[PDB]
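A lone chain, given as structure tokens: the form deposited in one PDB entry.
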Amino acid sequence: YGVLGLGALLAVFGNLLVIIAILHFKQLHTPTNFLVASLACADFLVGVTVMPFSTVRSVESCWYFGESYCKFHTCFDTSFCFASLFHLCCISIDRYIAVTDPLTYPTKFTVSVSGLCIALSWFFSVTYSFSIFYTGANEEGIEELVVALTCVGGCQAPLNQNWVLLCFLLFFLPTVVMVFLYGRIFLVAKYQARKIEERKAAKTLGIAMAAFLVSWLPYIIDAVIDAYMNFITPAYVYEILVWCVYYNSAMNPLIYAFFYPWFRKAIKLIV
């Protein structure tokens, strides 16, 4: 309790605002703002469904809720905890189309396209997960899986070497697009501040890239190499690693849709 409970409140209280204040307000019905709503829905579902159950799992060091719960609790965690990354990847593509190609931003980014990004971000991130935890492709060698995971108790979704690389590659692509489309923007926003005569572009892009890298990267990096160098990593030093991505999902509605003044201005008209 304590720290873990606070992260659950933020992931729902700080996220309910974004999903409530888009549907009700017709001033914010822009196609780019519907992607933020879908991202908010995914983060809210993380906060309501997977986080409370994983809270007790990390404080009792055992899966009290049977085995079906586990066979199920893991798969959707991997499913729509990795669906938060695709939304960031697509928001990056948004910014890139807005800035690099400014003449045709409303032409290419209609609602029809922002509706095709949500379906991809929601269905693809799920069909690959549910085909790994249930079908049994997650573990090609189960003899080592049983001793470390089942007999002691608890669930940590260990991955074998052949398939752990695939897990990594569904974080590399959501990350390679984010940095490549923010490296170019940093330069473009640099040459245009010198043209007027920079300070703000570096600060804004820094936060939008450090928040993602400081949370998702450390956990996945330690989770991809643990299928090669045996499993020397202690189980107790893994709870913080799984909670980092939960932390990231709590701050998301704060870096996006909260750091911009066009949203605070529209939401300040409550009274």
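Between two forms, the rigid core is the largest collection of C-alphas that superpose within 1.5 Å. Each residue number is its position in the shown sequence, starting from 1.
Separately, the form deposited in another entry exists; it is not shown, and the next lines address it.
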item: Exceeds or equals 2 Å, Cα of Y134 between the shown form and the other one, core fit; value: yes
item: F65 C-alpha shift between the shown form and the other one of 2 Å or more, rigid core reference; value: yes
item: Residue shift check between the shown form and the other one, rigid core fit, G153 Cα at least 2 Å; value: yes
item: Change in CA distance between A266 and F13 in the other form, which is 3 Å or more, as closer or farther; value: closer
